[PDB]
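The chain below stands alone and is given in structure tokens; this is the form deposited in one PDB entry.
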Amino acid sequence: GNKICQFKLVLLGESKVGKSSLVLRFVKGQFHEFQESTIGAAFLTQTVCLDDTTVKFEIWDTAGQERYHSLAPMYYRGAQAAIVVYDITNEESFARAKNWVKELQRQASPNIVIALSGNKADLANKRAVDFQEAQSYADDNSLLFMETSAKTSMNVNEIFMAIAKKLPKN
């Protein structure tokens, strides 16, 4: 196909859940076991093939530490999509993700597509957040949910592609 679309996407979530790892896996096909905490935000782009459309993603990978919370609006303000990420081995991170979801639903664009990533799914032997519970939460709040693993690549390309498919392309 010859159609070309571009969308702004932002990732939000508690520090250490794997936001930078998810983006690097999607964008560069890389995974760094020793990835350092982000300062403020990092920016990356990736283009994918979606049927007859070439979709370019402008991605804002925000720093999750609470001291950067006040900068969040700068990154999600004009976002057409967001991925709120939590760590399936950390219930605290899951609760924090729900609060990010609430903030987006109240302050970001009203038509924003919000996906929920239950990351570090490769660490299921240390699971603290039930898959079905997370699925129910996501269903009740109209969020696109998938458990993912930046480490193995499980559902990484899939969650970004699922978002691309749901964004307006006429």
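In case it trips you up, residue 1 is the first one in the sequence shown, and so on.
The form deposited with a partner chain bound exists for this protein as well; it is not shown, and the discussion that follows is about that form.
Although the partner is absent here, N111 lies well away from its partner chain in the bound PDB entry, with no heavy atom inside 4.5 Å. Remark: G40 counts among the residues lining its partner chain in the bound PDB entry, judged by a heavy atom distance of 4.5 Å or less. Its partner chain is not shown here, but in the bound PDB entry it comes within 4.5 Å of a heavy atom of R77. Although the partner is absent here, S70 lies within 4.5 Å of its partner chain in the bound PDB entry, judged by heavy atoms. For the options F145, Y137, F31, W60, the one in contact with its partner chain in the bound PDB entry, meaning a heavy atom within 4.5 Å, is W60.
Between 99 to 107, 116 to 124, 129 to 137, 42 to 50, the stretch whose residues reach within 4.5 angstroms of its partner chain in the bound PDB entry through a non-hydrogen atom is 42 to 50.
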